């Protein structure tokens, strides 16, 4: 007896049927009312076709490209009788162009990433700045400025980016309550930003530890991951990137800012998946994470910015990813960066291939009076198998966030282009929480200066343990 949240009165066009599409389709079928023949999946892969045929769903074996996307998607999204929903879970497609097409035709839209057309991430004529998620996000912000309001389109609503924006709001509320600060929670963006400022939040890690492991050892010259290998390598080869807090007093020599845009970001002239940061999760305790670029690194810092009358930022948290992937992915990164090139083969771990483990994913708020607070999900593979098919624990955190964004978009269908920071976080977490396993908040007295300095000289700032100077591995 699962809740059916809404009737969808139009076509459901799912672009992409890899690990996330495969975990999202059963949730869509479970939680929305629609005639089954309204749903069609689009993916160029033979593997995806065979799985879709086995699930009995309509399947169009085609790559969506700049040359064909209008021809293909417009008729599919406007088949009627009412408003359709474009669920974009693909690689190599332009989120912006597909979102703008959906909106022009009155269809709802959701995705989990601001993705460019094939050919972008490895174009040699591009500067590192132009390869940054800040630059991609700015194309979406400009599209919203050019066409405000209109049909709801939800950008970057997966686990991270996505759910972690809701966790930040919940964590801020909890931090205030744990101090005895009572009174209504924020309702506006400015109020959220000021809550973070008033609590003294210096920054936020998206602090993740994947402990899922397979029944076979990592094969030589095979990249192994629990979600998209292509997508992980793409973002891992983008510049390291972070939302940049007002409290930071140091940045590396190879860090750069941006001439234009929301003002919240810096990037480093080095690949994020080969950049390490010191961080912490409840199961990992102190660990290395990789400083992989993510939309929410910028979007959360932007959302939580307090400006003065003249428009300059007076407060902004640091925000970035601190990702410890599954052990086989750690080894895959060591192998890829060590060989200088991508492995000849790759595979994504299926739930049938996973022996145990969890995907621990939350937000680590630091610098406040209780030093650091981690809030998020500790979903295990064992629980995943019991509550949702066709995915591992990493996949279910993502697919259930897409579900929640879809509920929100159907309930708020005239909201325009929105990010996860713009949604009603309580409504979204109400939809998502049945799929998140243990959701817990944990304080720690760990800081990045724990145990330091050691037996070698280090450049550290002992007056401010959470300075990026102390977090970055150098």
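Positions refer to the first chain, counted from 1.
For the pair 295 to 303 and 121 to 129, the mean B factor over Cα atoms is greater in 121 to 129.
For the pair 242 to 250 and 175 to 183, the mean Cα B-factor is higher in 175 to 183. The PDB entry assigns its highest CA temperature factor, among 396, 72, 330, 157, to 72. Within the listed group 190, 230, 210, 92, the record reports its top CA B-factor for 190. Residue 114: CA B factor lies in the lowest third for its chain, per the PDB record. In the PDB entry, a CA B factor belonging to the lowest third of its chain's modelled residues is recorded for residue 108. Among the modelled residues of its chain, residue 405 has a C-alpha B-factor that falls in the lowest third, as given in the PDB entry.
Residue 58: CA B factor in the lowest third of modelled residues in this chain (values from the PDB entry).
Annotation for residue 18: CA B-factor lies in the lowest third of the chain's modelled residues.
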